[PDB]
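K.L.:
give the three-dimensional model of this entry:
(one chain, ligands or ions: 1)
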Amino acid sequence: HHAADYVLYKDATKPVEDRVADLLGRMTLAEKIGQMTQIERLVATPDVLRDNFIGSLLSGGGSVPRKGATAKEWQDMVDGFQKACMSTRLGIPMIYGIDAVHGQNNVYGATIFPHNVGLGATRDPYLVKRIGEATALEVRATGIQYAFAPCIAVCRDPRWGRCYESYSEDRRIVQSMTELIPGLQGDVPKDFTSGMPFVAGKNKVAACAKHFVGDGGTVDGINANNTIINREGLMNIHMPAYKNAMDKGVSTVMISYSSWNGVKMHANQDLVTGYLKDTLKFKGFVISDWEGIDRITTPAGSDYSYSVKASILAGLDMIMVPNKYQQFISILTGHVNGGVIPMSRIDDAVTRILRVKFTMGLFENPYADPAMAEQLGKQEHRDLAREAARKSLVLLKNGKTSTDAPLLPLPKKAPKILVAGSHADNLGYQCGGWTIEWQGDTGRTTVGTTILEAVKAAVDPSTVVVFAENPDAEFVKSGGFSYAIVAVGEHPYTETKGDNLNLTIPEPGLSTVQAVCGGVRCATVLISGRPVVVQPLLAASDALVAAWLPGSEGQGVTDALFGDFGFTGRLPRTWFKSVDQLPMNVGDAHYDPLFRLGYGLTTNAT
Ligand SMILES: *[C@@H]1O[C@H](CO)[C@@H](O)[C@H](O)[C@H]1NC(C)=O
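P.N.:
Numbers count the residues shown, from 1 in each chain. Structure data below:
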């Protein structure tokens, strides 16, 4: 179809499958294995990208061009690495991936939405769609084309450090919230074949259903450990949302570090090829986790030869190396040259990678759009995050006795009020993990509104607002306060750092609630990624709200505290009485919750 130097794969009017086959038929083994290789930006250079024909780059948590970088700085970084890849013989663009899991959360000034546990509490899949929509725009603001989300783990034990990354312990809720996928990617057309990848174009991103499969079912909630459950229970609890993800055209699937009955996911051919690919008919690309193939062995990295063979034969297509690319490429090349990995396996992997790249429009728009930079932290998106935060809140108590006046909603007009606690004025704590840094961080880490800021923004001008982080009992008694709002809870964490067998919040937390509530009628705002030991907090408090990890828009919290909207959130997880009960789900036998799944009190707007 026309000039003498025509190349079919470069013709945007041709069918994706024809473009994929055309390009594939031209590629050398080095060019094929290059597509299968994803490296960290920290090891990337123009020569490295060109000389090893690299297929993909990522930023891990905290991997940023610099602290405070603008959207434009991100675009220019991404474009520099793209220019190198486009300069190879075949000019195959790279795809850049990142953990944009509650907004474009590594980026300064990005809107930070509630983490998944709170979204589960909203029971609003359209809200979650809109969050996917907004997140795609903020990811494209930075020139990035690929988000490692959604996490569709079904967390069955809250001692897991990733429980906040699960929408719920109930798979039906997780299933409903796969609407994040068409938000991030665009809706699939009416004719669509389940399992095909889809991304609408340059204003959308490729998505990633993760981590396949049973990541939320591990023993004692130990992150990346073994999930012991029969096939029936794997398929009834952990798998279903993957089929909803196929039906919505999820582009990619990331494999879990976890094992299923002692078999590493990253080596599990029956599940990755037999089930995901051959039974679900998945046609996008399967990606490893970060040194996931290394960790097939114990110790990790003790037979990288075997890791490469096991993973690739199992059916993984792209490998998140992410640093030792030369070793990865060399070992895989050697296995193919030795006949240990057939060319049919390499060609399948490359076909899937190229199918996602052509489908999403990456060969037509390999570079960033500078007009999209201004999408970052946009007010419309902050309004959406505020709505989500407010909708996520679960009211657990609202009066000590059944005869007390309901504390919430609080009046905006009062002579003097107290805001107190470690989490009342700490933006980093209210965002939790995967925010700026991998593990999150403390204090004013990005643009947002703390709970204290939000109070000051909500109250009548005649209300005096006093902040004290950890006031003693006498301070409160002597202060002439109408009421207090006290915010306490967990510190930020991510992955194995968040694994916690006691689930008791750090001090001073309880002690400040006790001091404050001892003095004046109090509304306690509990910031956590999960249920935590709550009976002592409840005993002290007039009202108590489970606000989860509500993100940058702290006005969502005060929207409900002051009655602009009613409380509507409901527990998306069981609240336990004691950690000795765990695991405890919601049709066991020892099922004896403090608050059952679905519990939540309501108020009416004032
Ligand atoms: C689970 O963690 C335990 C305790 O650290 C360790 O013995 C074991 O290797 C882990 N198992 C798996 C499958 O990761």
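K.L.:
now the helices: where do they sit in the stretch 201-350 of the chain?
P.N.:
For the stretch 201-350 of the chain, the helices defined by DSSP state H, counting those that start in this stretch cover 231-233, 240-247, 269, 304-314, 325-337, 343-359.
K.L.:
tell me which of the ones you listed sits nearest to residue 365.
P.N.:
helix 343-359 (11.3 Å; C-beta to C-beta). Placement of C-beta: from N, CA and C, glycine included.
K.L.:
ok, residues contacting the helix or strand that that closest one is followed by?
P.N.:
Later in the chain than helix 343-359, the nearest helix or strand by DSSP states H and E is helix 379-392. Under the contact criterion C-beta atoms under 8 Å, 6 or more residues apart in numbering, helix 379-392 has outside partners 103, 111-114, 118-119, 121-122, 124, 127, 130-131, 134, 137-138, 375, 547-548, 550-557, 559-560, 565, 568-569.
K.L.:
let's see which of the residues you listed end up in strands.
P.N.:
Secondary structure from DSSP state E places 547-548 of the contacts of helix 379-392 in strands.
K.L.:
related to what we said a few turns ago, and the helices of the stretch 201-350 of the chain as CSV, adding mean neighbour count and distance to the ligand?
P.N.:
Listed next are the helices of the stretch 201-350 of the chain as CSV, based on neighbours: other C-beta atoms under 10 Å; distance: least, C-beta to the nearest ligand atom, whole Å:
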stretch, mean neighbour count, distance to the ligand
helix 231-233, 11, 18
helix 240-247, 21, 21
helix 269, 16, 18
helix 304-314, 21, 15
helix 325-337, 17, 22
helix 343-359, 21, 26
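K.L.:
mind putting those into CSV with distance to residue 592?
P.N.:
Shown next, in CSV, are the helices of the stretch 201-350 of the chain (distance: least, C-beta to C-beta, whole Å):
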stretch, distance to residue 592
helix 231-233, 21
helix 240-247, 27
helix 269, 41
helix 304-314, 41
helix 325-337, 50
helix 343-359, 47
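K.L.:
and residue 482, which of those is closest to it?
P.N.:
helix 240-247 (46.1 Å).
K.L.:
which helices and strands does that closest one pack with?
P.N.:
Contact analysis of helix 240-247 by 3 or more C-beta pairs under 8 Å, 6 or more residues apart in numbering; DSSP states H and E lists helix 171-176, strand 208-212 as its packing neighbours.
K.L.:
which of the ones you listed sits most buried?
P.N.:
strand 208-212 (a mean of 27; mean count of other C-beta atoms under 10 Å).
K.L.:
so which residues make contact with that one?
P.N.:
Strand 208-212 has contacts (C-beta under 8 Å, 6+ apart) with 97, 146-153, 178, 181, 241-242, 245, 250-258, 265, 271-272, 276, 286-287, 289.
K.L.:
now with 6 Å, please.
P.N.:
Defining contact as C-beta atoms under 6 Å, 6 or more residues apart in numbering, one finds that strand 208-212 is touched by 148, 151-152, 242, 245, 250, 252-256.
K.L.:
cool, stretch 142-153 as well?
P.N.:
Counting contacts by C-beta under 6 Å, 6+ apart, the residues outside stretch 142-153 that touch it are 71, 74-75, 78, 95-101, 107, 139, 165-166, 174, 180, 205-206, 208-210, 215-216, 241, 368.
K.L.:
of these, grab the buried ones for PyMOL.
P.N.:
To isolate the buried ones among the contacts of stretch 142-153 in PyMOL, judged by 16 or more other C-beta atoms under 10 Å, type:
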select buried, resi 71+74+75+78+95+96+97+98+99+100+101+107+139+165+166+174+180+205+206+208+209+210+215+216+241+368
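K.L.:
of the contacts of stretch 142-153, which belong to strands?
P.N.:
Those of those lying in strands (DSSP E): 95-98, 208-210.
K.L.:
with distance to the ligand as extra columns, can I get these in JSON lines?
P.N.:
Shown next, in JSON lines, are these (distance: C-beta to the nearest ligand atom, whole Å):
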{"residue": "95", "distance to the ligand": "30"}
{"residue": "96", "distance to the ligand": "30"}
{"residue": "97", "distance to the ligand": "25"}
{"residue": "98", "distance to the ligand": "26"}
{"residue": "208", "distance to the ligand": "22"}
{"residue": "209", "distance to the ligand": "22"}
{"residue": "210", "distance to the ligand": "18"}
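K.L.:
and which of the contacts of strand 208-212 is nearest the ligand?
P.N.:
Nearest to the ligand, judged by C-beta to the nearest ligand atom, of the contacts of strand 208-212 is residue 256 at 10.6 Å.
K.L.:
does residue 198 touch residue 247 like I think?
P.N.:
No. Between residue 198 and residue 247 there is no contact under C-beta atoms under 6 Å: 10.8 Å.
K.L.:
make sure I have this right: residue 48 is in a helix.
P.N.:
Yes. Counting by DSSP: H, G, I helix; E, B strand; the rest coil, residue 48 is located in a helix.
K.L.:
and for it, the neighbour number?
P.N.:
By other C-beta atoms under 10 Å, 15 other residues sit near residue 48.
K.L.:
ok, for it, nearest residue in space, not its chain neighbours?
P.N.:
residue 54 (7.0 Å; C-beta to C-beta, 6 or more residues apart in numbering).
K.L.:
kindly report the same for residue 429.
P.N.:
Counting by C-beta to C-beta, 6+ apart, residue 423 is the residue found nearest to residue 429 once chain neighbours are left out, at 4.8 Å.
K.L.:
so who does that neighbour touch?
P.N.:
For residue 423, the contacting residues are 429, 487-489, 527, by C-beta under 6 Å, 6+ apart.
K.L.:
need the residues that contact stretch 516-535.
P.N.:
Stretch 516-535 has contacts (C-beta under 6 Å, 6+ apart) with 158, 163-164, 407, 420, 423, 430, 432, 473, 476-477, 481, 483-487, 489-490, 503-505, 513, 537, 540-547, 549, 573, 575.
K.L.:
phi, psi of the residue positioned nearest the centre of the chain?
P.N.:
Central residue check for the chain by C-alpha atoms, centre = their mean: the C-alpha nearest the mean position is that of residue 101, 2.9 Å away. Dihedral pair for residue 101: phi -110, psi -10, per degrees, to the nearest 10.
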